[PDB]
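Take a look at this single chain in structure tokens; it is the form deposited without the ligand.
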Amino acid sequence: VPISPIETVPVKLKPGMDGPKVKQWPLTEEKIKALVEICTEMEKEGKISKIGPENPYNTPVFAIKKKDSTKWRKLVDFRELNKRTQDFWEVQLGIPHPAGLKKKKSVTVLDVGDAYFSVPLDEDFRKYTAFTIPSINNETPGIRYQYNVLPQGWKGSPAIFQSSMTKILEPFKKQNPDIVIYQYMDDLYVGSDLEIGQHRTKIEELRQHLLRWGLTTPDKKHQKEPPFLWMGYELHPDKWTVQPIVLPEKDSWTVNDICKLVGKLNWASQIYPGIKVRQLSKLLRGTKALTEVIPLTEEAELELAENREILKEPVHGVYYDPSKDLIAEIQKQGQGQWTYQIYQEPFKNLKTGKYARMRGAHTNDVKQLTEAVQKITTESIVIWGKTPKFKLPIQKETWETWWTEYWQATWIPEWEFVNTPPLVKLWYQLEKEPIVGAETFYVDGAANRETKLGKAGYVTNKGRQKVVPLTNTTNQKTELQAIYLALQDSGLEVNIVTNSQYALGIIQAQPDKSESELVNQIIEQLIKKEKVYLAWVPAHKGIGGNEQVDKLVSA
């Protein structure tokens, strides 16, 4: 017989499909050494088994060195078995953030020893694990082996491991309601308000508990020793920080260089306030080769300078005090870039972050502020389970004007005004009623689908008129164009009548920024006016000035 450790989780292939037959890699003997080495050591313990050719399945395998170790780590590429294996439901729903930890008097961190290998595979499934082991190049075939436990590289390994592990920890935790255990993969963070002696008792009890299930806890455990290394962070009794971030120094930048770089900077932005990736990311747009070398703009060069400088000074986050409120304050950084700090006691930050996302062809700061407030809420709800009270650089009246008037449902949760500039505003406002004594411009434009040639023009109650010819255009653009002309040729107060739905919807949403250069100029003009009233009439109803300027811009 072989032996059975802890309750197994049933597995299957995707019905009416069969296993992993593919030939092994031309592996360099250096690895082949390290391989048969730990291979053989398995079987004594029940991890693998030899198999009669009655097992018709083969899949390649090769080790990669374990980082920060002399030791080597074993990976079986199961990709072809994964493809044909039943789908699972991942139980890892996200990552724990340090800023979410409450303050604990005493804290232990223990890694599980050979975690995937201490967990039983499924009986009926085991066969499918079949792979074949080299000896040395050209010497012999090498023996074929079937796993008795969870292989590294299957697609089911993480979910089954985490699930089993939790099932095991349930009774201890139920036995110790006041112990906090953060369980992530095989990493355990144990903490308590116990006095360091009693606490360590419990640590030992737990190590014992995990032992009953075959789960080793070596003494490669942080005991008395702040800082603890956890999830890429350093944990201190009152503070935490990211493990130091190295940013490449390269004199000539490739595309891959900027990716590593950018992603490093996004990781950094959870604590160092004010990181900006905008101009550096601009550099990756419409490039072919990840290998290709690309030059840094004086924009992306400037950005990178201040980002490195932010990193210069050591910063740290604090922990969470459920008794006190959470506060998120937001600063506008320019070019649709936003940073925020979530804190409790002024100046002691839980975490920081940025919202840079450009959403829409035309938008404004109020919308992007709303977007960031929502980004920040969900984030908060994940980590602390509650929404921060918000401190925002937008006047309370600015906001009341926007949301009441907007045609869409919009909301910000409980929040208060902070007078830190730049303040968020609305740069212009359309009148709700036509302006007495203001010239009324009827505008239209049309364009020919085939020529892509067109006209944009206007007619007015005062007799004023214009028609402008345009090239390589569209119907929409000529309508925008007609409005632009009416804005340009008119006084500080103006009534404009368009039949364009497209143009009218854009402008009514009070954009302050656009991808379209034409919209930007329109915006630019709108800001200079004292009063603009925009009205819509249907086309081709023989309405008023609308009929006349419709004629003019067809001709």
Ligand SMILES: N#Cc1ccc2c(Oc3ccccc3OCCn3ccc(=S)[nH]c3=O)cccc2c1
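Residue numbers here begin at 1 and follow the sequence given.
Quick note: we don't show the form deposited with the ligand bound, though the next part is all about it.
- The site on the displayed chain is blocked: the ligand, placed by C-alpha superposition from its pose in the deposited complex, has three or more atoms within 2.4 Å of backbone or C-beta atoms.
- Checked against the ligand in the deposited complex, the residues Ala372, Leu121, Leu101, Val277 give one hit for a heavy atom within 4.5 Å, which is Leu101.
- Note on contacts: among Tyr145, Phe125, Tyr189, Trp338, the single residue with a heavy atom within 4.5 Å of the ligand in the deposited complex is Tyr189.
- By the criterion of a heavy atom within 4.5 Å, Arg308 is excluded from the residues contacting the ligand in the deposited complex.
- Using a 4.5 angstroms limit between non-hydrogen atoms, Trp253 is distant from the ligand in the deposited complex.
- In the deposited complex, at least one heavy atom of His236 sits within 4.5 Å of a heavy atom of the ligand.
- Within this chain, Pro248 is remote from the site of the ligand in the deposited complex, having no heavy atom within 4.5 Å.
- Contact annotation for 190 to 229: residues with any non-hydrogen atom within 4.5 angstroms of the ligand in the deposited complex are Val190, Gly191, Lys224, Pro226, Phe228, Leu229, listed in sequence order.
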